[PDB]
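Q:
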Amino acid sequence: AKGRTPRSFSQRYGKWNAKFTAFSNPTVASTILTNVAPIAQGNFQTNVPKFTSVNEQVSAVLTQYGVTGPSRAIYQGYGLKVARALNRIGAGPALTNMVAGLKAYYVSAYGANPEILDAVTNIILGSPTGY
DNA sequence: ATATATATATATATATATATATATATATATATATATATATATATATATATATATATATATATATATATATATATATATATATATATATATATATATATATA
Numbered sequence: 002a003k004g005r006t007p008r009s010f011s012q013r014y015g016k017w018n019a020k021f022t023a024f025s026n027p028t029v030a031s032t033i034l035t036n037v038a039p040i041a042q043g044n045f046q047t048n049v050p051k052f053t054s055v056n057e058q059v060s061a062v063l064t065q066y067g068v069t070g071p072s073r074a075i076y077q078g079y080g081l082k083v084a085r086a087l088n089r090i091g092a093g094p095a096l097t098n099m100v101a102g103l104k105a106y107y108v109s110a111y112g113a114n115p116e117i118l119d120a121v122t123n124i125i126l127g128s129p130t131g132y
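When the letters of the first sequence are read in order and numbered with the deposited numbering, they come out as residues 2 to 132.
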């Protein structure tokens with residue numbers, strides 16, 4: 002019972018503003034954050050290593066291909082996207098569909114190189130196509 | 001008449017706390033007139049070096065607190081578009097049971 006009736010801009014703004022004002026209270030914010038601190042630490046600890054490893058390995062791959070500067074961000078981003086999919090739905094035909102869709106996305110919108118996208122996918126999933 | 005605590009009249013001696021008239025000496029706290037030296041706290045005239053707290057002119061690197069231009073990922077507080085489930089505080093459509101005013 003959260004997204005059942007349509008909300009106009011005034012309703013969204015009113016509720017977002019009420020909640021932002023409530024959270025700015027010292028007691029409210031301190032209580033909520035001190036209560037969710039251990040769970041946040043646990044979620045960070047279980048999830049971030051999988052992505053720091055991807056950062057390191059895609060860096061290694063990008064240095065061998067001569068990519069420098071902000072153009073590295075492109076492929077780094079691509080890598081993280083693929084890793085996200087692997088963390089979300091697992092390996093199988095769905096991951097294959099998403100890898101193909103992400104390659105199409107990046108090649109068509111950001112002018113990425115298909116060879117380096119294959120190289121990043123090979124270092125992450127084990128093969129260029131990801132099977 | 002004797003012992004004690006005091007004030008006197010008359011000269012003198014001894015010990016102590018002070019003020020003088022006369023010159024000199026010693027130790028101490030100071031202010032001066034005349035040059036010079038030593039240690040200490042400062043302000044200067046002239047160049048230079050060392051350590052420290054800052055502001056600059058010119059490029060570059062490192063750590064920290066923030067704002068960006070560009071796509072992406074992770075944790076956190078929220079508002080949405082679409083259907084579904086769990087826990088909690090409510091109001092209803094329909095009959096029924098239990099506890100309470």
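Backbone N, C-alpha and C fix where the C-beta goes; we use that ideal spot for every residue, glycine too.
Just how far apart, CA to CA, sit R85 and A2?
A: What you label residue 85 is simply residue 84 of the first sequence in a count that begins at 1. What you label residue 2 is simply residue 1 of the first sequence in a count that begins at 1. Looking at the two C-alpha atoms, the distance is approximately 28 Å.
Q: Would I33 and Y66 qualify as a contact pair, given that the criterion is a beta-carbon distance under 7 Å?
A: Here the question's residue 33 lines up with position 32 in the first sequence. Here the question's residue 66 lines up with position 65 in the first sequence. No, the pair does not count as a contact, with Cβ atoms beyond the cut-off.
Q: Using only CA atoms, which one of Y111, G80, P27 and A41 lies nearest to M99?
A: Mapped onto the first sequence, residue 99 falls at position 98. Nearest of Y111, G80, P27 and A41 to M99, Cα basis: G80.
Q: Please report the residue range of the alpha helix (DSSP H) in which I40 lies.
A: Against the first sequence, residue 40 aligns to sequence position 39. Residues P27 to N48.
Q: Using 8 Å as the Cβ pair cut-off and three pairs as the minimum, do the stretch 61 to 77 and the stretch 34 to 49 touch?
A: Touching, no, given that fewer than three Cβ pairs across the two stretches are closer than 8 Å.
Q: Measure the beta-carbon distance from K82 to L103 and round it to whole angstroms, keeping in mind my assumption that it falls under 8 Å.
A: If you number the first sequence from 1, residue 82 lands on position 81. If you number the first sequence from 1, residue 103 lands on position 102. Confirmed, Cβ separation roughly 5 Å.
Q: Buried or exposed for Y106, please, with buried defined as at least 16 other CB atoms from any protein chain shown within 10 angstroms of its CB.
A: In the first sequence, the residue the question calls residue 106 occupies position 105. It counts as exposed.
Q: Indicate the three-state DSSP secondary structure (helix, strand or coil) for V121 in the structure shown.
A: Position 120 of the first sequence, counting from 1, holds the residue named residue 121. Three-state result, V121: helix.
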